[PDB]
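One chain comes next, on its own, written as structure tokens: the form deposited without the named molecule.
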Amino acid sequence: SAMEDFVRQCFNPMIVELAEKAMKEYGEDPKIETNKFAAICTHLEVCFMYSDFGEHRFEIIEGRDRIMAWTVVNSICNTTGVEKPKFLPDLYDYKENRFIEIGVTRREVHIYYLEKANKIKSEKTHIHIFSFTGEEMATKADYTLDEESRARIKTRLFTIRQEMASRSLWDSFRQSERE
């Protein structure tokens, strides 16, 4: 276990339940794919944090089931004209009027940024990558959030990494490229 216990102790029950739903839909067991379990939990929490740091600025798309997520995306596109994205993004920014793809990587932020940008192939989806070392990379170096919110996200990620390290789980996670 170990990784399972750490996930249950460091993430709130709602996030853990959402991640378990994601993995049960993928056909993957969270007791076997422990690293993917933790990665999904971390990504969900970063998305929720990003959103909470907003007159209601961000619409959360991640964390919903596919049907609801695409319903939300379609409503946004129909009421703003913003082009519908090819792949499901993570948030929508009502202030900048643009979708946001959030990335959390155990590798260098620029490697994962290139990977995500090559993947999404949509010039209009904004991309924000965070690492577990306090580094970030965003489209056009536009980081959207203010310094304090980004710092809180960075601190949470670093703290997750250090919690894993104290439990001897960081090495496997970092090499597990489940992201």
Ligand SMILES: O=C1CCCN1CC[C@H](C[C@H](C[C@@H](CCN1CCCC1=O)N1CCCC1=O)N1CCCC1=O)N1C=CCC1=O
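Residue indices: 1-based, along the sequence shown.
- The segment from residue 54 to residue 55 is interrupted, since 4 to 9 residues of the deposited sequence in that interval carry no coordinates.
- Relative to its counterpart among 165-173 and 18-26, 18-26 has the higher mean temperature factor, C-alpha atoms as listed in the PDB entry.
- As recorded in the PDB entry, 78-86 is the stretch of 78-86 and 97-105 with the greater mean C-alpha temperature factor.
- Annotation for 123, 136, 45, 62: 123 ranks highest, by Cα B-factor.
- Annotation for residue 127: CA B-factor lies in the middle third of the chain's modelled residues.
- Residue 68 sits in the middle third of its chain by CA B factor, as recorded in the PDB entry.
- The entry lists a Cα temperature factor for residue 32 that places it in the highest third of the chain's modelled residues.
Keep in mind the form solved in complex with the named molecule is missing from the figure; the text below concerns it.
- Overlaying the named molecule from its position in the bound PDB entry leaves no ligand atom within 2.4 angstroms of any backbone or C-beta atom here, which marks the pocket as open.
- Although the named molecule is omitted here, in the bound PDB entry none of 93, 138 and 150 has a heavy atom within 4.5 Å of it.
- Although the partner is absent here, residue 52 sits close enough that one of its heavy atoms falls within 4.5 Å of the named molecule in the bound PDB entry.
- Though the partner is left out of this view, residue 60 does reach within 4.5 Å of the named molecule in the bound PDB entry, counting heavy atoms only.
- Although the partner is absent here, residue 64 lies within 4.5 Å of the named molecule in the bound PDB entry, judged by heavy atoms.
- In the bound PDB entry, residue 157 stays away from the named molecule, with no heavy atom inside 4.5 Å.
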